[PDB]
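Residue numbers (the authors' numbering), protein chains in the order written: chain 7b, 3891 to 3938; chain 7r, 19 to 116; chain 7g, 2 to 101; chain 7e, 1113 to 1209; chain 7q, 15 to 116; chain 7p, 5 to 90; chain 7o, 5 to 90; chain 7n, 7 to 90; chain 7i, 14 to 124; chain 7h, 29 to 152. A short worksheet on the structure shown next.
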Amino acid sequence: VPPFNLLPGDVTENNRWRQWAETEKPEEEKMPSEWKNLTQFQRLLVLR
Amino acid sequence: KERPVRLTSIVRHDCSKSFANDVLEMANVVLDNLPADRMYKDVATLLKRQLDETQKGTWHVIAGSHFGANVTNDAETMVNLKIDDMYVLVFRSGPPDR
Amino acid sequence: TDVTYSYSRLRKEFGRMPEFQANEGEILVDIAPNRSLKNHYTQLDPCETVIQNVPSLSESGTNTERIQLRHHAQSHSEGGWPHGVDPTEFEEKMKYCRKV
Amino acid sequence: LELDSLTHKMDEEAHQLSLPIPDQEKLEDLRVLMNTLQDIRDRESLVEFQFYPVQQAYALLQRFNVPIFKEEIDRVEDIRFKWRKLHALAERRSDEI
Amino acid sequence: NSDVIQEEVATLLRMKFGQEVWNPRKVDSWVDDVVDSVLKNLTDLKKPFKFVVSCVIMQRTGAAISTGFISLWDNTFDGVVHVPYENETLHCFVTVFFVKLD
Amino acid sequence: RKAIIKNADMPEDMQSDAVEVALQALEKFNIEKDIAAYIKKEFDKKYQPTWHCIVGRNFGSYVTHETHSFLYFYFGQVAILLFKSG
Amino acid sequence: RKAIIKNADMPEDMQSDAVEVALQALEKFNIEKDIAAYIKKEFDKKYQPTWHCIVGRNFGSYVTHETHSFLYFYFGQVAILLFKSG
Amino acid sequence: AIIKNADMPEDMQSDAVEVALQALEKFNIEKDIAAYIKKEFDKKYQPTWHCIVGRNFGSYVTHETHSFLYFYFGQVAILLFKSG
Amino acid sequence: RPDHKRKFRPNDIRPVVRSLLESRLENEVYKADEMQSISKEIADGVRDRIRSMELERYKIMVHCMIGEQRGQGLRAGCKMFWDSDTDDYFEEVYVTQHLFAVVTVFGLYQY
Amino acid sequence: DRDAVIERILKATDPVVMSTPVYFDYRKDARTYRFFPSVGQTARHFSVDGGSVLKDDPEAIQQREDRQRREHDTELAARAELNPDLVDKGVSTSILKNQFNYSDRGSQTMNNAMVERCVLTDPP
């Protein structure tokens, strides 16, 4: 997806992402603003 | 129900003074018909609907307390009403022939 | 940046009786109207308007008079001595002792 | 109650407007499409005033740490984005009609 | 003598109104300009006189106008002068009353 | 420069143009009527008449428009509304 | 009752009316809070209300305000402020 | 702290406390400190807010909700209400 | 410094001027001689009302322009040479279907 | 006392202009209130906009020709609608803006209700 090239957009208003970062056990909840359309492998990369 | 004392004035106009007065009492009628908790969107809707009923073609209405306008207006159709805390502007758009 | 013309007068000159005189005006007749210039002109097909309903605002300030505050120091360990004598050092108090 | 009422009502409304139109359609849904699109328009001007109190409701809930399931909090954020896809859908449907 | 006075004010009016056409966006420019110019002239005067000046600018569409003015002063020392200006596009009128100080 | 725009029936190139022209209008002018004059004259000169603008801190609208030529948004404590009609 | 009023930018008939109203307010009420309340209620009832009133002995106040809608004056040692703000 | 009147969020109570303390720390003139408060507070959260400084006085103001605050430090009193 | 009990106050004169002008100039028709006559009557009547309200140690001048309006622009401005503490001035313009009239009332204090 | 020398100054400023208005300069770096650079002491008394432009104005001629073009397009679309084959032949129709070429907009600016509150300054 293009927002892999557009991470700075989420950096501009990076709210739900650091909500996710604050949340514990961070692979049992995915931030919902269309980044839910990501497979397990890409989720593994972003979690790393 | 008798109308209470409302501070009413009309100062901006290129239209006929009779039309300006008519716009005044139709605005008063709309305000009377409205319920207690007035809402400016509903004011605009009912005012424009009544204007379109009583007059051919298309008009446009803005109403509030803090704004400022720049439009292309049809001649002698450009009205500002002052009713208590109401700044009311109505203007006209040229229709095609039918 | 304004006109600042000033003229001087004496205090006793302000008591003069005000002067008023009866007069009439005048008029000159010119510039008769013509329909031809109106025929050359025309009214404006749909016009432009600017409308503002922002009431005019400004800034201001209100103060109150204040009690001014300063500072001063004092000490005493030499006791009460006459005003003309400074007990800072020795010879002045010695000659005051010969006086007393 | 308020939440799932509005959410599900929008859900079936989006589902019923998601119906397709193939080539050389018949002459039956012409009345229906106009009314549906105008209903979307008519509520669009007023939705944000009813999105206004729903956020403060859950704010007042969490401010005294009431137990709430996590998925519902996820929904109410998404409803802000859920209304977004309908607007572009509305305009493309308008162009094609 | 008011002859010299109407001389410079007529020169002023022709030089700041002899090269333009009526345009509503920018008439206030000449308004302020002639205000400042005649104020500078009155300042250069330093006479013991009180000055009342009215300047009006009119759009020429065949409209008629009259120059009625009334006096309530002593004509021995006080005076009045009026100067018009006209072209094919606009009009202007200046009236000045000067009253010797008490 | 942080604008949350939720009202539009007009394409994205024109909405970006409207955002940019609003920014430079705020940068150049000082009064709301001057800002509205600049915006309206710009669109009327550059995409032909007829357009209309309203700027405000408290107002309510009900206006007939023309398709694919409409925009409205909230910028801080101000609101901007543009529409072509004619 | 004597008073000193030289801070105003607003018509003199209404400054006279405001000063008079403050006179009867001081006469009726001894608490500055109720004095301010009475001045506010009367002046807001009679003219267009988004007015604001401050009583004080030694304080600091200043405001952005509607033009021709500001007043500040004194009764001996007490100060009174009235301004439009809406 | 001595904070008994409020129509604020907690963060607004906070940053109001710091801005008032820092103004008091810098300056002693009522105009100067109230100037710092009004202009800086407007800088951060938009027109139109108003603050009042005084050791003893009386005032009665109008505001929307979550737009009013009243507090003390030592012998200075601060109003902070929105209007316009 | 002039006494306050006889100082010039326009807040009562201006409503009187407005009411009287709208009472008598409501439905006039065009003819140059009668605009001249009614303008002279305007000057006379306004100064009669002023001298009836009876200023003391004040000189009042009334200046009146007349024109015909057909939807065209006009730029009205005035200036004097005077002192802010005593002297005063005010304006009033009426516009009807046939014409427009501008009146200026200027009040000066005699030292 | 009666022999005192007294000077008087005459001026051209406007006491009606006795307050300096401000505007909110909305600069990204400023967020300021700013006074106007100057308020002209030359008073403004009466104003009319005016509604007369001579027929030889090129802009007026252009807009007049635009009006003839608009009405010509109006009857073009009228007879094109009346005879549907003309639309195939190449006559425009959307110029006749119907209920399906028009739509209504309407919006509200959000605001919050005002309330009244009082505070008291306790003695030290």
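Virtual Cβ for every residue (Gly too), placed ideally from N, Cα, C.
Neighbour list for residue i in chain 7h, Cβ cutoff strictly below 7 angstroms
| i | result |
| --- | --- |
| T71 (chain 7p) | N129 and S131 |
| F74 (chain 7p) | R133 |
Residue i - containing alpha helix (DSSP H), residue span
| i | result |
| --- | --- |
| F31 (chain 7q) | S16 to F31 |
| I1185 (chain 7e) | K1182 to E1208 |
| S32 (chain 7i) | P23 to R37 |
| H1120 (chain 7e) | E1114 to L1129 |
Run of the beta strand (DSSP E) containing residue i, from where it starts to where it stops
| i | result |
| --- | --- |
| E35 (chain 7h) | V33 to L38 |
| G60 (chain 7p) | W55 to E70 |
| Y71 (chain 7i) | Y71 to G80 |
| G86 (chain 7r) | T76 to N91 |
| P98 (chain 7q) | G93 to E100 |
| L27 (chain 7n) | Note, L27 (chain 7n): premise wrong, no beta strand (DSSP E); alpha helix (DSSP H) at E16 to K32. |
| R110 (chain 7r) | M104 to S111 |
| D132 (chain 7h) | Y130 to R133 |
Where residue i sits in the DSSP three-state scheme
| i | result |
| --- | --- |
| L52 (chain 7r) | coil |
| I84 (chain 7o) | strand |
| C33 (chain 7r) | coil |
| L75 (chain 7p) | strand |
| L65 (chain 7r) | helix |
| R99 (chain 7g) | helix |
| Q1174 (chain 7e) | helix |
| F94 (chain 7i) | coil |
| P49 (chain 7h) | strand |
| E1140 (chain 7e) | coil |
| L87 (chain 7i) | strand |
| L38 (chain 7g) | helix |
| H100 (chain 7h) | helix |
| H73 (chain 7g) | coil |
Amino acids of chain 7i, ordered along the chain, whose beta-carbon sits closer than 9 angstroms to that of residue i
| i | result |
| --- | --- |
| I79 (chain 7q) | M78, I79, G80 and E81 |
Chain-ordered neighbours of residue i on chain 7b, where CB pairs are closer than 8 angstroms
| i | result |
| --- | --- |
| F1176 (chain 7e) | Chain 7b residues near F1176 (chain 7e): none, gap ~20 angstroms exceeds 8 angstroms. |
Distance CB(residue i)-CB(residue j) smaller than 8 angstroms
| i | j | result |
| --- | --- | --- |
| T117 (chain 7i) | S68 (chain 7q) | yes |
| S73 (chain 7n) | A40 (chain 7o) | no |
| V101 (chain 7g) | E93 (chain 7g) | no |
| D102 (chain 7r) | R21 (chain 7r) | no |
| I79 (chain 7i) | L33 (chain 7i) | no |
| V66 (chain 7q) | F119 (chain 7i) | yes |
| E70 (chain 7n) | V147 (chain 7h) | no |
| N11 (chain 7n) | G60 (chain 7o) | no |
| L64 (chain 7r) | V48 (chain 7r) | yes |
8 angstroms Cβ cut-off: residues of chain 7e touching residue i
| i | result |
| --- | --- |
| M138 (chain 7h) | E1160, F1161 and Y1164 |
Beta-carbon neighbours of residue i, restricted to chain 7g and to distances below 7 angstroms
| i | result |
| --- | --- |
| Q110 (chain 7i) | Per Cβ cutoff of 7 angstroms: no residues; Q110 (chain 7i) is ~15 angstroms from chain 7g at best. |
| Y66 (chain 7o) | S61, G62 and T63 |
8 angstroms Cβ cut-off: residues of chain 7h touching residue i
| i | result |
| --- | --- |
| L53 (chain 7q) | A40 |
| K37 (chain 7o) | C146 and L148 |
Within chain 7b, partners of residue i - CB distance below 7 angstroms
| i | result |
| --- | --- |
| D1207 (chain 7e) | In chain order: nothing, as chain 7b lies at least about 23 angstroms away. |
Chain 7i residues whose Cβ lies nearer than 8 angstroms to that of residue i
| i | result |
| --- | --- |
| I37 (chain 7h) | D96 |
Within chain 7o, partners of residue i - CB distance below 9 angstroms
| i | result |
| --- | --- |
| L70 (chain 7g) | Residues of chain 7o passing the Cβ test: none, with the nearest at roughly 14 angstroms. |
Residue i: contacting residues in chain 7p (beta-carbon distance under 7 angstroms)
| i | result |
| --- | --- |
| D53 (chain 7h) | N34 |
Within chain 7e, the residues that residue i reaches when beta carbons sit closer than 7 angstroms
| i | result |
| --- | --- |
| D13 (chain 7p) | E1203 |
Interface partners of residue i on chain 7o, CB under 7 angstroms
| i | result |
| --- | --- |
| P49 (chain 7h) | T71 |
When the Cβ atoms of the segment 37-44 of chain 7g are set against those of the segment 66-76 of chain 7h, are three or more pairs found closer than 8 angstroms? no
Contact between the segment 21-39 of chain 7q and the segment 94-103 of chain 7q: three or more CB pairs below 8 angstroms? yes
Decide yes or no for the touch test of the segment 75-94 of chain 7r against the segment 49-57 of chain 7g: beta carbon pairs closer than 8 angstroms, at least 3 of them. Touching, per the Cβ criterion.
For the segment 97-111 of chain 7r against the segment 28-40 of chain 7r, do three or more pairs of beta-carbon atoms, one drawn from each stretch, fall closer than 8 angstroms, so that the two count as touching? yes
Meets three-Cβ-pair contact criterion under 8 angstroms: the segment 18-25 of chain 7n and the segment 73-87 of chain 7n: yes
Any chance the segment 1193-1207 of chain 7e sits against the segment 1149-1162 of chain 7e, with 3 or more Cβ pairs inside 8 angstroms? yes
Quick one: any contact between the segment 52-67 of chain 7p and the segment 65-85 of chain 7r, if contact means 3 or more CB pairs under 8 angstroms? yes
Can you confirm whether the segment 126-135 of chain 7h touches the segment 51-63 of chain 7r when touching is taken to mean that 3 or more C-beta pairs between the two stretches lie within less than 8 angstroms? Segments in contact, yes.
Is the segment 75-85 of chain 7i close to the segment 90-104 of chain 7r, with three or more CB pairs under 8 angstroms? no
Within the chosen definition, does the segment 90-100 of chain 7i reach the segment 38-47 of chain 7h through at least 3 CB pairs nearer than 8 angstroms? yes
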